[PDB]
Amino acid sequence: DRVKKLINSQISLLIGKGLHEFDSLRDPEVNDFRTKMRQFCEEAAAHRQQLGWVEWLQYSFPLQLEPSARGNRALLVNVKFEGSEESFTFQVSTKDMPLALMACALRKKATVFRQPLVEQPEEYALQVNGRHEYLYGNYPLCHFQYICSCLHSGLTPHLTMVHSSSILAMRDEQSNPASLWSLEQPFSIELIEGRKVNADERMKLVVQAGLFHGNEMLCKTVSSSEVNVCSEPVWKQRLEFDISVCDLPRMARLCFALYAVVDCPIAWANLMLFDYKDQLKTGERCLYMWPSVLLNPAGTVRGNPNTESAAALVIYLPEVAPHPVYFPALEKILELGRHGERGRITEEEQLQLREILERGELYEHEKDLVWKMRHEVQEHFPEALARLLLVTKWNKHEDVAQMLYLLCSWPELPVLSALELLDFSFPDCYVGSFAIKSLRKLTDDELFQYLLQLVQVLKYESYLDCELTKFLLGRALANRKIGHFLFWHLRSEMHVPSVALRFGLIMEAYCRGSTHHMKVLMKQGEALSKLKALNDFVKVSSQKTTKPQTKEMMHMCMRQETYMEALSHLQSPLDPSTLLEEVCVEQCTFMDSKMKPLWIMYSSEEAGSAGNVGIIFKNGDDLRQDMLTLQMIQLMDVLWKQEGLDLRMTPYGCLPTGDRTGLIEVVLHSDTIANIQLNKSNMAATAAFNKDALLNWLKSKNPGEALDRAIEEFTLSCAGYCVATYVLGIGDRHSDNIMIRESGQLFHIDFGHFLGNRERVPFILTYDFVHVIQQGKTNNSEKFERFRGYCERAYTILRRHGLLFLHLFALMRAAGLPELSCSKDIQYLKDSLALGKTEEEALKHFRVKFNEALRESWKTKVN
Ligand SMILES: CS(=O)(=O)Nc1cc(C2=CCOCC2)cnc1Cl
């Protein structure tokens with residue numbers, strides 16, 4: 001009671017919407033979602049509280065493994081026991097398993113504490129000091145990301161031996177507290193009136209209406225007559241459609257567009273013809289319209305919540321029968337679709353089908369052949385399900401029944417095929433259920449990689465309670481890291497009225513499943529609330545006084561009790577493994593740019609050097625495109641690493657958390673090309689030629705024999721970013737948005753422009769970078785051509801996974817990013833990856849592009 005009221009207020013606070021608002025809608029679909037999902041999430045919570053201590057480690061601290069390890073050398077490791085000042089430094093092998101290291105730590109403990117220990121190594125897990133990261137399982141140490149990272153940076157792994165009893169105490173502490181097909185008449189509606197309409201009174205108003213199954217039209221669009229512009233237009237007219245009521249598919253949507261004619265688009269609104277309980281809709285419907293920026297089928301099927309200002313279309317859905325009409329059950333659908341005729345075809349016409357299912361638009365006659373050979377598609381080309389689904393006449397209830405009968409016995413498709421099936425071009429609910437069914441085999445790592453896309457797919461859903469929401473919720477309550485990012489992806493969009501309800505409802509259900517995590521995320525939102533007020537203070541102060549003055553003001557404001565409490569001891573929203581412990585006020589600052597982004601520095605005694613981390617708070621900028629570009633770069637990095645290619649990439653964290661609000665992970669010991677090239681006097685890098693500056697800077701960071709490895713890190717990362725920016729169409733590249741790490745690694749930042757948004761972005765080769773690759777020499781084709789090789793190999797690996805990028809970017813069209821709104825944006829990727837070409841023709845083309853970029857580079861070498 002007292003705890004329930006408290007939990008409810010904390011959820012309202014966290015999700016940024018009062019739960020009372022859900023109740024005030026007096027909406028049965030909303031109410032059934034809350035009840036079913038609360039039950040489902042509490043069941044997951046109860047399952048979790050009883051997990052074994054290693055299972056609970058898999059839940060809270062899922063393994064962070066190297067991409068090549070998924071599906072020799074000597075190493076120095078520092079190991080301590082929980083709450084011990086003492087530590088042991090010992091030499092292991094990168095090929096040893098954590099258990100050997102633990103047995104080793106236990107023998108050292110037994111000799112030092114003069115007692116033959118009861119404790120077996122099986123009773124322990126290894127924590128990475130001052131991080132929510134553990135090393136466990138039957139994997140050699142080189143396979144864990146943390147060890148791998150330690151090996152490259154030369155640093156020593158610092159591990160803490162944590163006992164099962166301590167892990168169990170964590171689990172305990174974090175518990176939740178105690179018949180349609182007979183109706184042959186054409187589909188029709190009555191267009192009654194419009195309310196709160198705004199337009200030029202010299203013009204006339206028209207309502208355009210159309211029936212859609214996803215993107216595809218179910219019949220021709222039908223328009224209203226030209227009624228005079230006014231606030232309350234009255235039509236009171238029948239809009240009759242060319243399609244029988246019996247042929248309306250389950251996921252049929254009626255789409256409206258109100259506009260003004262002399263074309264002036266005013267508003268749009270959509271609705272599903274069947275409700276969430278599968279009942280065909282009857283009665284009056286007031287549709288609170290969305291303003292138009294003509295028909296929008298991909299647009300939400302729920303009304304505009306701003307009922308005070310919204311234009312509203314009033315329509316009537318006629319009572320087609322004296323009793324309620326429901327969409328037929330699956331058993332009734334399979335019955336009708338059972339009855340068919342199998343395609344008896346010629347060896348030559350069988351060859352024509354193999355040619356098109358292995359080939360992408362088709363001519364009308366090719367569709368007639370794919371349809372006729374639907375049984376052969378199921379049995380010999382199951383991966384061609386998507387092509388067949390697109391030839392199905394979704395406006396014929398019998399063709400839909402024949403399609404559903406096959407789909408219901410269709411074998412589970414690979415993950416790649418299932419992602420294509422989540423596209424809005426497959427709106428059928430049975431197709432969507434099938435697609436999730438084939439996605440169940442996703443590993444938490446694969447799931448995490450595509451989570452951003454699965455969250456966007458939620459915007460295409462017609463109903464609140466769906467297989468994808470249940471899937472996303474079940475996977476998030478089974479993995480704390482999936483849970484963390486599902487939360488933030490939904491939270492960052494609560495300011496969007498079209499998704500606020502759906503997203504707020506998912507976050508509440510999630511919270512019901514993990515009370516403890518809700519409190520952890522509240523601690524994160526509290527820190528972001530203070531960073532917003534701090535960034536506002538900085539934005540005001542900076543335009544009045546100088547930068548060292550505003551910086552000292554920011555520090556004073558951070559030194560306040562409420563800022564010290566809220567900004568300290570939190571999990572990073574960028575990475576729940578990263579503990580943001582003590583705020584280093586003196587190290588904090590902000591940028592001189594328009595939005596004055598804040599740079600917040602942290603340290604942790606327990607984590608040592610690894611505890612020294614930074615976050616960038618941005619308010620005023622939109623970080624969604626950055627996050628998408630950075631996730632795509634990370635995807636490239638994983639794909640190259642699986643093919644044994646490590647291009648030393650830096651896919652740093654980027655996370656929108658609110659309205660034009662988000663975080664960026666600071667990469668320490670890095671500087672921009674512009675700052676290095678300023679060629680300051682009295683520096684360890686000052687050059688005789690500005691071309692030497694960046695090489696002199698690497699020289700000062702990597703003394704003696706260390707220079708060669710820095711140059712190699714530069715070359716690899718350069719080849720990786722050359723390919724990544726080319727494939728992605730990253731333009732507006734200048735010296736202040738390219739950085740370099742002291743290790744030699746080059747990386748790109750600020751990705752506000754991609755997919756050539758519209759001009760085709762050519763391949764880029766910079767002479768200052770070509771100069772580093774060549775080890776300071778004018779001619780060094782040995783080093784330069786090793787670079788061109790890294791480029792060609794990285795490019796040819798991406799092309800092999802070109803469909804993965806296409807399917808993911810197609811899913812992202814749902815995000816509403818202005819540079820990713822239509823089909824032409826995906827065309828850019830098809831071109832850069834030359835997917836209609838052989839590997840020979842594409843590499844030939846890549847070479848022409850790389851050589852073109854070198855002739856462009858030599859225009860600077862001339863001087
Ligand atoms: C210069 S800024 O205003 O802070 N903007 C920015 C910085 C960065 C990083 C700097 C060093 O760490 C890696 C990430 C990344 N993106 C942006 Cl857009």
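Just so you know, residue 1 is the first one in the sequence shown, and it goes up from there. When a ligand or atom number is given, it counts from 1 through the structure's own listing order.
The residues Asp575 and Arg131 are annotated as salt-bridged, a charged nitrogen and a carboxylate oxygen being separated by less than 4.0 angstrom. Ion pairing between a basic and an acidic side chain is recognised when a charged N comes within 4.0 Å of a carboxylate O; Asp592 and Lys547 show such pairing.
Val585 is linked by a side-chain contact (heavy atoms from CB on, under 4.5 Å) to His555, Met558, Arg559, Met564, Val583, counting only residues two or more places apart in sequence or in another chain.
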Report all N/O contacts between ligand 1 and the protein shorter than 3.5 Å as a table of atom names and distances to 0.1 Å; if there are none, say 'none'.
unit_1, atom_1, unit_2, atom_2, d
ligand 1, 3 (O), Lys618, NZ, 3.0
ligand 1, 4 (O), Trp599, NE1, 2.9
ligand 1, 5 (N), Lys618, NZ, 2.8
ligand 1, 12 (O), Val667, N, 2.8

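Less than 6.0 angstrom separates the ring centroid of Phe763 from the ring centroid of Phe846. The ring of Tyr721 has its center no closer than 6.0 angstrom to the ring center of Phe747.
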So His489 and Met627, side-chain contact (heavy atoms from CB on, under 4.5 Å) or not? Walk me through it. CA-CA 11 Å; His489 291 326; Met627 177 189 54; 3.7 Å; yes
